[PDB]
Structure formats: C-alpha cells, structure tokens
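Peer 1: The structure is given below, and queries will be raised subsequently.
Every residue, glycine among them, receives a Cβ derived from its backbone with ideal geometry; neighbour counts consider all protein chains shown. Quick note: the coordinates plus some simple rules give every number you see, no bench work behind them.
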Amino acid sequence: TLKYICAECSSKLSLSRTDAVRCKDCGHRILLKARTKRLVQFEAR
Amino acid sequence: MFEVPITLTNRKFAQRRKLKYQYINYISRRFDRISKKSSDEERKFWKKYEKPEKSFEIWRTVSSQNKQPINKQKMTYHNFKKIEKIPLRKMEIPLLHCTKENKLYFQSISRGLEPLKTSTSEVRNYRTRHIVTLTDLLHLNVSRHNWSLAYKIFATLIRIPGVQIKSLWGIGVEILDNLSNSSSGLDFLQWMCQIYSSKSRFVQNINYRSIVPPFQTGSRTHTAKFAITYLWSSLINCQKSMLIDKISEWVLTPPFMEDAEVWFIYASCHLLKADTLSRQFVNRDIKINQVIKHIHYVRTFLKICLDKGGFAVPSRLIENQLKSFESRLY
Amino acid sequence: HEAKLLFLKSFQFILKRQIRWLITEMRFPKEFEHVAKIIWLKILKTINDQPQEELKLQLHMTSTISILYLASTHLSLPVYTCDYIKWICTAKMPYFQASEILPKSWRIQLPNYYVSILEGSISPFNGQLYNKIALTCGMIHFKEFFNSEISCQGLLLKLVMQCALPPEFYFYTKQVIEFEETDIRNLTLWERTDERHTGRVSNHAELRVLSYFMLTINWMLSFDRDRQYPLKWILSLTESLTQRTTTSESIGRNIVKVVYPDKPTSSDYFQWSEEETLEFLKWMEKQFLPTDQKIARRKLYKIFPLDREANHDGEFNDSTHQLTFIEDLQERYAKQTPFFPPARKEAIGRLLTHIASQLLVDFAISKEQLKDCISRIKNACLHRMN
Amino acid sequence: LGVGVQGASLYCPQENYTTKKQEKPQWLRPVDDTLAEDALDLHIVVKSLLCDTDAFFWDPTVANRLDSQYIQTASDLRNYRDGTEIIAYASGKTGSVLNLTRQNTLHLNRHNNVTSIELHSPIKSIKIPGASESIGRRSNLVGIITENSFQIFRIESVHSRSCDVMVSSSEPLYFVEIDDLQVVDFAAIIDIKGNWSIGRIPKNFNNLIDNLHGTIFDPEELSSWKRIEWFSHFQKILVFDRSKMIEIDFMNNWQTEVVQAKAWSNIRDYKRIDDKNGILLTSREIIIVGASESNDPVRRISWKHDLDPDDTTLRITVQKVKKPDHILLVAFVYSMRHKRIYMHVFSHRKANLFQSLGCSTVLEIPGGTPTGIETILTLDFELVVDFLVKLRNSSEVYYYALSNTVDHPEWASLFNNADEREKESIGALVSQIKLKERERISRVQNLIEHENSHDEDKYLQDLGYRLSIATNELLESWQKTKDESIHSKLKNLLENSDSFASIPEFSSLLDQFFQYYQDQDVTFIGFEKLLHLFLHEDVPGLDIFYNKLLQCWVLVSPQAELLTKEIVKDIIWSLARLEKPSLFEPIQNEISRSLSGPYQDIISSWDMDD
Amino acid sequence: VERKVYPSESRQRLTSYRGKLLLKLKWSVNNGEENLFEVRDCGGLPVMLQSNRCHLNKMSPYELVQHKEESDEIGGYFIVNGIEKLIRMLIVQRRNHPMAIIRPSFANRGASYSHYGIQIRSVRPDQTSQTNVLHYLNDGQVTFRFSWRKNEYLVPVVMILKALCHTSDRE
Ligand SMILES: [Zn+2]
C-alpha cells in the first residue's frame, strides 16, 4: 500500500492530492518519501 | 444553578440588550446637556469605560490623589421626571419592532424591577439541555467530595461540543486530587499552558461573549491564570519532591516584561534551590561559591519585582531568609 | 422550489433508519415497513397536489414521529407516545442529531436552514406531537381507509404498573369509560386538515384515556363507604411511590425529566443518588455516538480516558448491578401490605399532584393541556347523566 | 503576612491553588499555602417551627421584612440584667403591621405578646442596626422603611413579669422629597434613589435632615438598587449600587470611587460584618472579603473567592464564628428563585493573614423559595452555626442549627364539589360499580368452580369454530373488493367472550387458528415477540407472561387470581390484530400512488439504498 | 501550540533558523509626563548553534544524537537560508593603548602636516570602537582628528584640553 514516512515521528503517512502537507500525528510540514518494491540491477568491481 | 459553559445565542437576547444599551446611550447623552447646563449601540457605549482585563472589577486605590468634591446638588424627583420623557417617547418605535415580551421586558426594568428569569432557562436543544445537567452535577460531587464519580462527569463534559475554556481547568483538581492511579494533575496544566496561551493584544472594542479576561484568557498584560497556576504548582511539586532547574529555565525562557508576580516565583526558584545546597552534610571548593550565585540571584529578581506595580512582598523578611544560609555557609 | 426534494431524498432515509432500528432490535415485524409506506407515499402526492410554484412543504421532525405513531395503531400495537419519547430522548431511535451523522454523502449541498430542521433540534412539547397527528390524520386520510382504533387495553396495562396500583382500577376505569362514551368501543383518533387552529375540544384519543385514569383514581378512593381502601394504605402508597430506583425504565424516565426545561420538577437532578449517576454517564456514552487543531484534542483524551483508570466494571464485575422491571415491583408490591374526612382527601391530594405530574412528563403536555382534559371530561360526564 | 498580593486585589478562586509562598524552612508544612488542610465538614440541620403570620420580575427596593438580634434596653443598662432576645417581622393583611426567648432552641416566649403595631403602608425594610463594640451596650431601637413614610421606634423596657416589648417612636418623616428611600444604617442616615442624607435620630418622643449630604445618581444606572454602610465608624460611608462603590467622608470634602463593576460582574449584596475591620461584599461571580486597612481607614481588599453560580437575584448573609485560634466567617449566598445554598470558610486570624478551606452546600424544604436567612449570635473540629430562614410564598419561619456531626391549591379547586344537588348524582355512578364489581365477583366465579372441565372443552371448540366462520367470509370480501387502489377487529362474536379462562390451552387454540390459515390473503402477527412492549423484557412465551403478572398483584389483590386471568385475555382480545390483507395487497398499492407521481419523485421513492 | 525547533529542521526547510527579537520602547513626553512601554516584535535574527539561544544548549551527546545532529556537535555556525554562514574573525588594533605610528599617508592630508601621529583605538564596554588620531603640524600647533558619521573632523587640542576640565595653562 502506497505510503511515505514522517520526518519527526516516523508515521507512514499516505498522501492523496488536495490534502494538507502536514503529518497526521505531528503537524510537521517536512515529510520524506519512502521506497516501494521495484527491480533495479547493478554491476560489481 | 452554577455557571454554564455555553456560547449560547438567541434573537430575543440579542434584542434585549440592543433594546437596553441604546436607551442608555440616549439617557447619557440626555445627561450630557443636563450635567453641563448648571452602528451597534454597545460598541459606541464601551468607548467611555475600561474593561478591566485583569479582574472582574477594576479596583482603584483610594489612598492616593483620587479625591473628589461631593456634589451636594441632589437629583430630586423634579429633575428626573423631566429628563426621561424625551428618550422614552422616542423609544416607542423600536418597541414596535421587538416582540410583545420585549416591550414588557424593557418597560418593566425601566423603573427598577430587576428580572427573575434565567437567560439559560429556555435553551432547549437536548444537548445544551444536557450541558446544564452535567455542569450542575459536576460541582455537586466536588462540593460533596466525591472524585472518582465526578471524574466521569468531567470525562463526558469535555467531549460535548460547545463547552468552553472555563470548566476545563477550573476543576482540573480531579486528576490532581485523585492520586490513586491518576496522571498526577500537573500533566494537564502543561497541556493547558501550551495551546490556549497567546501573546495577543486586548483590542477592547469588540463586545465580548463567552470568553472572559479575568480567568480564561492568556493574552499580553494579563498572564494566564492557568499558567501562573502552573508556575506556582510545579515548584511546590519540586518542594514535594524532596529538575529544579527546568522551570528555572522555563521561567528564564520567557521575558515576561509586564508584571511582578512572575519574578517572585522566579526568585523563589533560587530561594528553594539554596536550602538543600546550604546543607552540605557539614557536621569545600565548589559548594561555597555555588550557593552565592543563588543568594545573589534573589536580591536581583526581587529588586526588579519591586520596581514593577503594586505587589507587596515581605521585603524585610525575605532578606532574612537567605541570610540564615550564609551562617550555614560562612 | 429546489432542494426541497433533496430534503425528501433523505427524510425517508432517516425514516428508513428509524424503522430498521425498530425491526432489527425491538422485534417489530417486517410488515411495519410496508404499513408505513402507504402512509409515507400519500403525503408525497399531497406535495404533488401542491403546485411546484411556491410549494413550501410542511415537514418537521414532529412529522416523522407522528407518521410513525399512526403505523402503530393500524397494526394495533402497545407502543405509544410515552413509548416513543422514552425511545428517542433516551437516544435509541435516531430522532435526535439526524442531520449530522445519517447521510454522510448527501449532506453538503443542503442549505443552512434546511439542515437545521432535520436534526433533532428540540423535543416536542404541549401537544406538538399531538397536533401534528391531528394534522397527519387529516392531510393523508388515515381515517376512512385504515382503522383508527386505539387499543386502550394495550395502554392502561402500562398505567397500572407505572405506579403499582391494584388491578381493580383497570376495570374501575373501564366502566367509567363504558358509561361516558359515544359508541362504547373505539376512542376516536382525530383528523384535521381544516385549518391551523387547535380546537379546544381535546379530540385526541390517547389524551382522553388519561382523564379517565385521572377521574377514576379519585372516585374510587374519595367515595369509599366500603372501607376496602384504607387511609393508612394510601399513606403506604405515595410514600412507596415517591421513591427513586435504578431500573432502566426509571433511569430512562430520569432522562425525560432532564429534557423538558419549561416546567418545574425538571430541576429534580439535585436529588440524585449513588448508583444513579453511574449509569446516567454510561448512557452519556450513547450520546457521543449520535453526537490542524485536532491532534490537540487527541492529546486531551490521553489524560482523560473515558474508562476508569483502574477497577472498571468490564469483565470480573458482579452478580447483578441492576435489577429488572419485574423485580422492583416485587419490592414495591411487597412493601405496602396493610390492606384491611378532611385529612383523608388530603392524603389523596398527595397523589393528585404526584401521579398527575408523573403523567404530565410522560406525554409532553403542560398542566393547562391537562386542565382542558379534565374540564371537558368531568363537565361532559355530568351533562350526560344530568 | 503572606506574599502574593496586589494591594488592590487578592484572589483564591475555585479549586486551583493559592497565589503565594514564603518558603519558611521550619519543618511545619514549609509553606503558607492559602488552603488550610483538614478532613470533610458536612452540615446537618436541627429543624423546628418558630413563628408565622410580574411573575417574571422582582423589585430591588425591598430589602427584608424581619430582624432579630440580642438587645439591651434602658431598664437593662442601669440594672445588672443583660441579654434580651427579640424577634420582629412584618405580617398581617397588607403587610402594614409590625410585630423571643431561647430555652434550649429559640422559641417565642410563653407570654407570647408580640406588640402588633399598626401602620398606614406596607413594610419594605426591617432592621435593628446592631452595636459597634466601642459603646459597651446594644442599641435598643429598630429601623423600618415603608412605601409612604420612614418610622423609627425604640425598644424600651422589656419585662420579666410580662415579657412585653413596648416602644417609643420617632416622628415618621414622610416624603418631602417624593422618592422611594432604599437603605438606612446607623452602626436617620438614609439613602434615597440617587442621593443620601444624614437625619437626626431623636431622644425625645414627646415632641430631621442635617445640611450635609450628597447625591450618587448614576445616569446609566437603570436598576433600583442601593446600599450604604459606615466604614469603621470614622464618618466615612460606603455607598453602593449594582455597579460601583462610592466612598464618602461626610466629615470632610472627601469622595473617591473604588469599585467599577460594569463589565463582567455587578454588585449584588453587601453585608457589613459586625467586625468593624473585616467586612464582606458580594458581587456576582465572586465573593469579596474586603476588610478595613489597619492604618488608613479608607478601604482594604483582601483574599476573595469566585462565586460559582451565575444568577440575577443573588443575596448573602454572613455570620461570625469566634474560636480560640482564629475567627471564622461563613458566607451564605441564597437566591429568591432557587432553594439551594452555598457556604464558605475564612480563617480570619490576628495578623491580617487569612485563608480559606473550601465550599459546601446542603438541602432544603419542598415548599417555597428563600428570601431571607437570619443569623443568631448565640450569646458570644465540630463547627457549629445557627440561622433562621424566611421563604417566599411560604409563611412558616423555621429555625436551623447546622453542625458537623405536595397537594397544590390548583387541586382542591377542581375536585370535591360541595353542591348538595349533585352530591349524589355522581354517587349513583359510584354505586354503579358497587353494583357491577360484585356482579362480576360472581360472573367470573362462574368460571372459577370449573377446573379443566368438558363444557369449557366444548366451548373452546365452539369458540374456534366461530372464528373460522366469519373470517372466511371477509377473506372473499377482501378478494371480491381487491381492485380498489384507494379492518381488523376480531370482536364480532357476542356470546359471552368471557366464559372460558384457560391460558395454556388458549394459545393452542390460536396456534391452530394460525395452522388453519397457512395460505395467503390472510396474515397475522406474533404474540411472543410483540408482547415485550408492556414489560420491556424477554417475553419467552404466552404461558409465562401470566406467571410474572400472577406474582405482580399477589399482596394487593383479594383472592389474587380472578383479577389477573381476566386482563390477559383482555389483552389478546384487544391486541386481536389477526386480519391483515396479505402481501399482494400493499405491493399492488404502494407502487400505485408512486405511479401517480412523476419521475422527479420515483428516485425519491426508494428504500433499500444503504 | 508553540514547539521547540531544532537545527535539524531548518536545514530541511532551507530557511533560516531565526529567533524572535524582543525590544521594548519608551514614549517619555514632556520630561516624561507619560511613559508607554511596548514590547514589539521585530522579526527573526538567527541563532548560533550551541549558543544560549540554541536548543542544543546544555545538550548531552546521547541527546544530541536524538535530535538528528552530530554526537560531537560543533556549533558556532549560523544557518542563513539553509547555508552555514559563520562570521570570519578579523585583526584590529589593540584597544586601550595609544599607538604612535608614523605613516606617509598622514602627509597626504594637507599642507603643514607631517607623518607623525598618535592613533588610539577607544572602545566602549558595549564593544564599540572610536579611533581618535592626534596628528602633528610642523608649525608647532597640534590638531585632534576623529571620524563621526561619514566624514573627518579637525580641531585644535587647546579647544579640547580647556573643555575637559577647568585647568589653567600651567597645569
Ligand atoms: Zn508525524
């Protein structure tokens, strides 16, 4: 399920559009996106 | 029976003071020519008097130059039966606008006759009707000293929409006086002094309803009566705990540059501190000049407390308090 | 002209919830849905009879109870307006706070004065529940299609057990009824589409049953040459009747004293007791389920948890906290055992205030409304025989 | 001497805290927290009977109509005899007449001769002004205020051989200035509406206003409330209204306004405590204990408590309690409209330091509303106090001593007429049931002697035979009159409907009556899941609905059985709704009226939606 | 509600880590016949990290981890629009001391001057500075220099030494 992470309290918010940019547990206007499961490859040396 | 925490409004109550204060505006302006000769109508009225902003009654000191000659020219029945016919003849046309009770409401109270009827006796809303139920049962277990039942009245009074700032912290002792498995009381005042505490200015020109500057505000030039309560409390909790420096930062953090009462409790943070530090388990380098900070601090903070307005401290006695620790220190 | 149908789209949907509550919980039959739908759809034709140009449809929360009372007498049910005002003011069927929680999608486009009327603003008072019934039987003809037969036997079995009187008054009243009655059966339910004026005849059927219960209880006690009803038993009736108890009927009756603000014996809450204030607040739990500066409110209830902080009544609780309505009477009837003048009639007058004010709160009328109902039964029982 | 004050005000409101601490390190509760600690202190009455005789407003120009305090007359001064206890109140028809000895409680004396003096006007104020303790005696005179005059008497020469209270009088000064005077105090010094004066108290009854006075007429004071008191005898009067306090030294040209109470509180009551320093004031929302300043006798304001009720007709009376350590001052706020009470504690100690302990409240009498509570000095941790009440619309002045350890007149006017003509015309209806009950004490007894008989087994099959007859007619009458698109009686029989009482078999008559109608065109209701509306409980069956109404009228019913069997069938024969037209009747009719309505109302006519 | 702001946050907002300036005025009219005291808001001037005003002030290294800073938090630097702009230290003349420098730039100040002068750097105890220089004319007179607002002013020292205190010529 598509979500995020809160900066201060680590609450995995899930934002829809036309929402306030705050977090739901702490009114903290800074919020960092997390990762989903996606497939990426790499080399090695 | 008690006072109720509702911002209630009805059209007849909005009329009956506009029907009241308008006639007061005329009879005072009618008085303005009689005392000289020998669009709200409430906002216009309050531009003569000061709402007290600190008290229910703006007290004035009498032991000053506030003297006055006594007017021995009495207001007899002659000068009063002639002064009142000209606004009351003029007042008949808003009387035919108001309802049939308000024409009898104004004209009865125009000759004395204070009304008996309660303004909250006809609210009828099934929920405000349940507000007045559980605010008269709230006190009635407090005044009968039953807390663990009045705890459950108050847990269901906060959750009704429409309750005010008043009853929240006025009987907040129910957490405090419980102490059995309680939240120790102080945690609620921390919640109080955060979110209702402003630094706004008292504009005085709006006519205030359901909030009152004696107890439930937190603006400038009136410290919040739940905040200084929170200041006097946790230091007694500090006094009960024998952490001291936390409030001695938390009063240090605001420069309340208006009053005197915050300075003495701020001075009392050092005076209470300097007792146990003046024990030392005597019967020697750090703990001699350590107390002499706090001995010095109170003589400054009380000195600036006394520079402020009327706040009579025992300025003789408090110096003799900490001087006893100098004998313990020496 | 517009959004008056928007009211109509949910004024049935709330009435859908009033009745499905009665069906699923209070065992009311599935036919009660369909009896009301004839009653429901006919007033829409009356609105359709009204021109759409300035229709001004007359629907109130007093209507949705009045059309729910008429479906109870066509089905001939022992539920009444005392068994409705005790199931609405006790927050059981959604009469109160209906605008705010019922639609949840149809709410927002409704205007401000329309959404005001649809919630449970006040409770009905002084025949406002009755005059709408008078306006309901008249506007849509519940008369001459249905049976407007008030089953008065299903009404006064209650009134015996309300105040714990011996069952002789069930038949003592009945022959006072069957003496003074046009057409012996069928106290007539009244219809009025005529005009907006309350005719001071007191033609409501349930209204007049109570005056028969008022005039009997004085006559069977003041004129007692038979010395079967002694004065000391009356001294053990009103002293055992004016006595609080904590059954759910009584607790529910305590809510009814609260809601009415006009009359005295409404500030009766000062005399509440030890056990009474517990369940009154456990009832108040069933008001909040009807009824960005928001995590502060979340922070508020972390220090006021609604349950008790310890030793609550949850699981290892009791034998019985609260006893049932068949068991308080086993303490009332097993109390006033002695069974075999200026001060006799005064001890009857103790009950005259007491039972006629207890009646007066159960049916939402004033003392002047019962003043009409005694002065048009007693002055009409005399004129027939004299 | 505590710390957190102002010099203009000082507060200790409801349930927060003090505002002061000395931090005294003396191991003796190291604080001067302005809430002293103790246990509970509840109050229990000692009830007695002492003496006796527009609906939306009340008038402020009345003060009281009773006063009673220990007094000392001129025959008691020269004599050793000291301590005489009087009582005086207004009563009679128009209230225009004015009229003792504690033995263990206060009672009227045995000689019981109240001097019922007559006047020409109803009484609005009755007071005896009390004694300043710098005189040694107690003043032997009474002040009253009428609508038409102002009389002063003088309690002269009480007796022990007669227990008489005879008076002298002053000349009744009328209204040369025709305005209703409000408050008199002596401590003829009066206060008219808008102005006050100093009048001459006489020593001669065998036969006026001094030239110094003032006016107080606030132009925006719509009410009619005034109040005046001397402030610590030093010729300084405290002049009140509902809004402000005006202090006037009449000795010099010295006037200063102190209180200003127009914004959120207004002055209600002001009882001058007999303590000439400690004095009490009551506005709305707050109790003020504003005393006298020690050095400059102008005005002290001190520790004060918020008044939790919010009302418009507030009053107070204050009674001093003197103990060894301290003084107490209970504060009794009462109201004209409600009955209940509210009381304080103030520990007025010696060094101008005092505290409080809390507030409490007690109960009252179910007839009347209070208008005046009157205290008793009682000649002088189990706090004791005593007071006598006066109720509005109740003329029974009782007594109380609190310590630590309704047939209305609207009911006799409606019933019980005294016409000799219709004294007995109702009485035949009274004897109608005297006939008909004992008619039915035997008609039911026709059934009682038969116990599971075979003629009543014959009658039950005779009964249910007749139910299948008249029903099956109307079922086809419902079928012939089907297409109407535009009822349930079961009382058509008239044989007896009363000669069979067997409840456990009558249900099996009605199960068979439902078994005989299994098809459509007829439906019924249940009887086990619908009978719960009478009792609000589980009704498990028709067999044991009876068993809990059989045990419901045991001790009230003579013979206990015949009254109970005849109501149960009476319910079934009036909950006899067995004649419903079946499901094909509303399905063809509900949509019919909806087809009369257009597509605007089809979607509006929709159930089963969410 | 008002909460404490840590410097871990205004890095992320990329605005300054400002602090409210409180500054109370005075309105003494007519030799102070009426006084008016108004604590006015003045905006946000920023706060050095681990200053008094910073919220890491007496903050432990376990409690410096738990507010997203360094466990050996250095402090000293500002945050201006997200950028850690500290203030470089200078070198000025040692105060409280009259230096007696010769400089050919003193000869660039007019006729009759020389390259001889006394340059003192006078501070005030609020850490101001006021450099007074005493040039030497060849014609025997000595003049006193200062720099008031934007300019340079020249007065003889007989004006000054008479005006400090009442002394005669021999003293
Ligand atoms: Zn968060």
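Peer 1: Quick check: anything in region D:174-182 more than 24 Å from B:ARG111 (Cβ to Cβ) and either out of contact with any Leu (no Cβ under 9 Å at 6 or more places or on another chain) or among the small types (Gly, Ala, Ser) (or both)? Working first, answer last.
Peer 2: First, the residues of region D:174-182 that are more than 24 Å from B:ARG111 (Cβ to Cβ): none.
For region D:174-182, residues more than 24 Å from B:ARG111 (Cβ to Cβ) and either out of contact with any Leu (no Cβ under 9 Å at 6 or more places or on another chain) or among the small types (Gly, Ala, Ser) (or both): absent.
Peer 1: Among the helices (runs of 4 or more DSSP H) confined wholly to region C:30-105, which include 1 or more residues that are over 18 Å from C:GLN12 (Cβ atoms) and among the charged types (D, E, K, R)? Full working, then the answer.
Peer 2: Numbers: elements: C:31-49, C:61-74, C:82-85.
Those helices (runs of 4 or more DSSP H) span C:31-49, C:82-85.
Peer 1: Further question on the same structure: Scanning for something surrounded by 12 or more Cβ atoms within 10 Å (Cβ to Cβ) and among the hydrophobic types (A, V, I, L, M, F, W, C), does region E:104-114 turn up at least one residue?
Peer 2: yes
Peer 1: Please enumerate the residues belonging to region C:1-12 that are over 16 Å from C:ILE65 (Cβ atoms) and either assigned to a helix (DSSP H, G or I) or under 28 Å from the mean Cα position of the chain (by Cα) (or both). Break it down stepwise before answering.
Peer 2: Taking region C:1-12 as the starting set, the residues that turn out to be over 16 Å from C:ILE65 (Cβ atoms) are C:1-10.
Selection gives C:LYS4, C:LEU5, C:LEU6, C:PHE7, C:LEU8, C:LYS9, C:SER10.
Peer 1: So, in region B:36-58, exactly how many residues are part of a helix (DSSP H, G or I) and surrounded by 11 or more Cβ atoms within 10 Å (Cβ to Cβ)? Spell out how you get there, then give the answer.
Peer 2: Filtering region B:36-58 down to residues part of a helix (DSSP H, G or I) leaves B:36-37, B:45-47.
Checking which are surrounded by 11 or more Cβ atoms within 10 Å (Cβ to Cβ) leaves us with B:45-46.
Number of matching residues: 2.
Peer 1: Please verify whether region B:98-118 includes one or more residues that are in contact with a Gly (Cβ under 9 Å, 6 or more places away or on another chain) and either closer than 14 Å to D:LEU222 by Cβ or of a type in the set (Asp, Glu) (or both). Before the answer, list the steps.
Peer 2: Initially, region B:98-118 is screened for residues in contact with a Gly (Cβ under 9 Å, 6 or more places away or on another chain), giving none.
Looking through region B:98-118, none of the residues is in contact with a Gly (Cβ under 9 Å, 6 or more places away or on another chain) and either closer than 14 Å to D:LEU222 by Cβ or of a type in the set (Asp, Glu) (or both).
Peer 1: Also, I was wondering about something else. Show the residue pairs that are 6+ apart or on different chains and have beta-carbon atoms under 9 Å apart, the first residue being within region C:294-316 and at the interface with chain B (Cβ under 7 Å from one of its Cβ atoms), the second being among the aliphatic types (A, V, I, L, M) and not in a loop (DSSP other than H, G, I, E, B).
Peer 2: Here the result reads C:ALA296/B:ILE195; C:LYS299/B:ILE195; C:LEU300/B:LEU168; C:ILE303/B:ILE175; C:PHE304/B:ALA155; C:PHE304/B:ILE175; C:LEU306/B:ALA155, each pair linking region C:294-316 to a residue that is among the aliphatic types (A, V, I, L, M) and not in a loop (DSSP other than H, G, I, E, B).
Peer 1: Then there's this: Go over the candidates D:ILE316, D:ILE341, D:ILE288 one by one and state the one that is within 16 Å of D:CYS12 (Cβ to Cβ), within 29 Å of the chain's Cα centre (by Cα) and buried (at least 19 other Cβ atoms within 10 Å of the Cβ).
Peer 2: Working: D:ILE316 fails: within 16 Å of D:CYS12 (Cβ to Cβ); D:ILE341 fails: within 16 Å of D:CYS12 (Cβ to Cβ).
Matching residue, one of D:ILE316, D:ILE341, D:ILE288: D:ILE288.
Peer 1: Same structure again: Of the conditions (1) among the basic types (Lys, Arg); (2) surrounded by 10 or more Cβ atoms within 10 Å (Cβ to Cβ); (3) within 29 Å of B:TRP250 (Cα to Cα), E:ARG40 clears all except one; give me its number.
Peer 2: (2)
Peer 1: Counting only residues that are among the hydroxyl-bearing types (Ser, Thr, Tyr) and within 12 Å of the ligand (Cβ to nearest atom), which one in region A:1-23 is surrounded by the fewest Cβ atoms within 10 Å (Cβ to Cβ)?
Peer 2: From region A:1-23, those among the hydroxyl-bearing types (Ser, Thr, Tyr) are A:1, A:4, A:10-11, A:14, A:16, A:18; that's our starting set.
Remaining after also requiring within 12 Å of the ligand (Cβ to nearest atom): A:4, A:10-11.
On the way: A:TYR4: 15, A:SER10: 10, A:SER11: 16.
Per the criteria, the residue is A:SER10.
Peer 1: Just name the residue that is farthest from the other protein chains (Cβ to nearest Cβ) out of those in region D:500-559 that are part of a helix (DSSP H, G or I) and β-branched (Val, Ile, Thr).
Peer 2: Initially, region D:500-559 is screened for residues part of a helix (DSSP H, G or I), giving D:503-515, D:532-535, D:542-550.
With the extra rule that they be β-branched (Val, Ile, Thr), the set shrinks to D:503, D:544.
On the way: D:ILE503: 15, D:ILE544: 11 Å.
Here the residue is D:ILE503.
Peer 1: Something else about it: Within region C:82-121, how many residues turn out to be aromatic (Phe, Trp, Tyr) and surrounded by fewer than 21 Cβ atoms within 10 Å (Cβ to Cβ)?
Peer 2: Start the filter on region C:82-121 by keeping residues that are aromatic (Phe, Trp, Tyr), which leaves C:84, C:87, C:95-96, C:106, C:113-114.
Within this subset, residues satisfying the condition of being surrounded by fewer than 21 Cβ atoms within 10 Å (Cβ to Cβ) are C:87, C:106, C:113-114.
The total comes to 4.
Peer 1: On the basis of being facing chain C (nearest Cβ under 10 Å) and either surrounded by fewer than 17 Cβ atoms within 10 Å (Cβ to Cβ) or outside any loop (DSSP other than H, G, I, E, B) (or both), does B:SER180 make the cut?
Peer 2: Numbers: facing chain C (nearest Cβ under 10 Å): yes; either surrounded by fewer than 17 Cβ atoms within 10 Å (Cβ to Cβ) or outside any loop (DSSP other than H, G, I, E, B) (or both): yes.
For B:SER180, the condition - facing chain C (nearest Cβ under 10 Å) and either surrounded by fewer than 17 Cβ atoms within 10 Å (Cβ to Cβ) or outside any loop (DSSP other than H, G, I, E, B) (or both) - is met.
Peer 1: Select from region D:590-601 the residues that are under 17 Å from C:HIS34 (Cα atoms) and within 57 Å of the chain's Cα centre (by Cα) and write down the one among them that is surrounded by the fewest Cβ atoms within 10 Å (Cβ to Cβ).
Peer 2: In this case the residue turns out to be D:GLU590.
Peer 1: Next up: Would you pick out the residues in region B:162-177 that are among the small types (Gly, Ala, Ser) and more than 8 Å from every other protein chain (Cβ to nearest Cβ)?
Peer 2: If we filter region B:162-177 for residues that are among the small types (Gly, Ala, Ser), which is where we start, we get B:162, B:167, B:170, B:172.
If the condition is that a residue be among the small types (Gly, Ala, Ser) and more than 8 Å from every other protein chain (Cβ to nearest Cβ), then B:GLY162, B:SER167 are the ones that fit.
Peer 1: Quick test of your reading of the structure: D:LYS569 fulfils all but one of (1) under 30 Å from C:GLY154 (Cα atoms); (2) surrounded by fewer than 16 Cβ atoms within 10 Å (Cβ to Cβ). Name the failing condition by number.
Peer 2: The single condition D:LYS569 does not satisfy is (2).
Peer 1: Here's another thing I want to ask about it. Look through B:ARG144, B:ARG124, B:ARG159 and report the one residue that is within 14 Å of chain D (Cβ to nearest Cβ) and of a type in the set (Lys, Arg). Please lay out each step first, then the result.
Peer 2: Working: B:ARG124 fails: within 14 Å of chain D (Cβ to nearest Cβ); B:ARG159 fails: within 14 Å of chain D (Cβ to nearest Cβ).
From the options B:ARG144, B:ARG124, B:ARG159, the qualifying one is B:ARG144.
Peer 1: Report, by residue number, each residue of region D:179-208 that is among the acidic types (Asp, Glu) and assigned to a loop (DSSP other than H, G, I, E, B). Outline the logic, then answer.
Peer 2: Within region D:179-208, the first condition is being among the acidic types (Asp, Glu), and the residues that meet it are D:179-180, D:185, D:191.
Of everything in region D:179-208, those that are among the acidic types (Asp, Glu) and assigned to a loop (DSSP other than H, G, I, E, B) turn out to be D:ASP179, D:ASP180, D:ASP185.
Peer 1: For region E:86-106, give me each residue that is closer than 17 Å to E:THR131 by Cα and among the hydrophobic types (A, V, I, L, M, F, W, C).
Peer 2: As a first pass, look at region E:86-106 and keep what is closer than 17 Å to E:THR131 by Cα: E:90-103, E:105-106.
Once the filter is applied, which keeps residues that are closer than 17 Å to E:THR131 by Cα and among the hydrophobic types (A, V, I, L, M, F, W, C), region E:86-106 yields E:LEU90, E:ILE91, E:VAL92, E:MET99, E:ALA100, E:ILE101, E:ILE102, E:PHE106.
Peer 1: Shifting gears a bit: Please list, ordered by first then second residue, the pairs with beta carbon atoms under 8 Å, 6 or more apart or interchain, first in region A:1-26 and among the polar types (S, T, N, Q), second within 12 Å of the ligand (Cβ to nearest atom).
Peer 2: Close Cβ pairs (under 8 Å, with a partner that is within 12 Å of the ligand (Cβ to nearest atom)) amount to A:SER11/A:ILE5; A:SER11/A:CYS23; A:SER11/A:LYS24; A:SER11/A:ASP25; A:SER11/A:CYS26; A:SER14/A:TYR4.
Peer 1: Please determine whether any residue of region D:67-85 is touching a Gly at 6+ places or on another chain (Cβ under 8 Å), assigned to a loop (DSSP other than H, G, I, E, B) and within 14 Å of chain B (Cβ to nearest Cβ).
Peer 2: Within region D:67-85 (the criterion being touching a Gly at 6+ places or on another chain (Cβ under 8 Å), assigned to a loop (DSSP other than H, G, I, E, B) and within 14 Å of chain B (Cβ to nearest Cβ)), the answer is no, since none of the residues qualifies.
Peer 1: Can you say whether D:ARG272 is out of contact with any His (no Cβ under 9 Å at 6 or more places or on another chain), within 14 Å of another protein chain (Cβ to nearest Cβ) and basic (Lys, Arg), as far as the supplied structure shows? Write out each step before concluding.
Peer 2: Working: out of contact with any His (no Cβ under 9 Å at 6 or more places or on another chain): yes; within 14 Å of another protein chain (Cβ to nearest Cβ): no; basic (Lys, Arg): yes.
Spelling it out, it is not the case that D:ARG272 is out of contact with any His (no Cβ under 9 Å at 6 or more places or on another chain), within 14 Å of another protein chain (Cβ to nearest Cβ) and basic (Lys, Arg).
Peer 1: In region A:24-33, which residue that is within 14 Å of chain E (Cβ to nearest Cβ) and basic (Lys, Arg) is nearest to the ligand (Cβ to nearest atom)? Write out each step before concluding.
Peer 2: Taking region A:24-33 as the starting set, the residues that turn out to be within 14 Å of chain E (Cβ to nearest Cβ) are A:25-33.
Narrowing the set further to residues that are basic (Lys, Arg) leaves A:29, A:33.
Working: A:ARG29: 10, A:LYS33: 14 Å.
Among them, the one singled out is A:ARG29.
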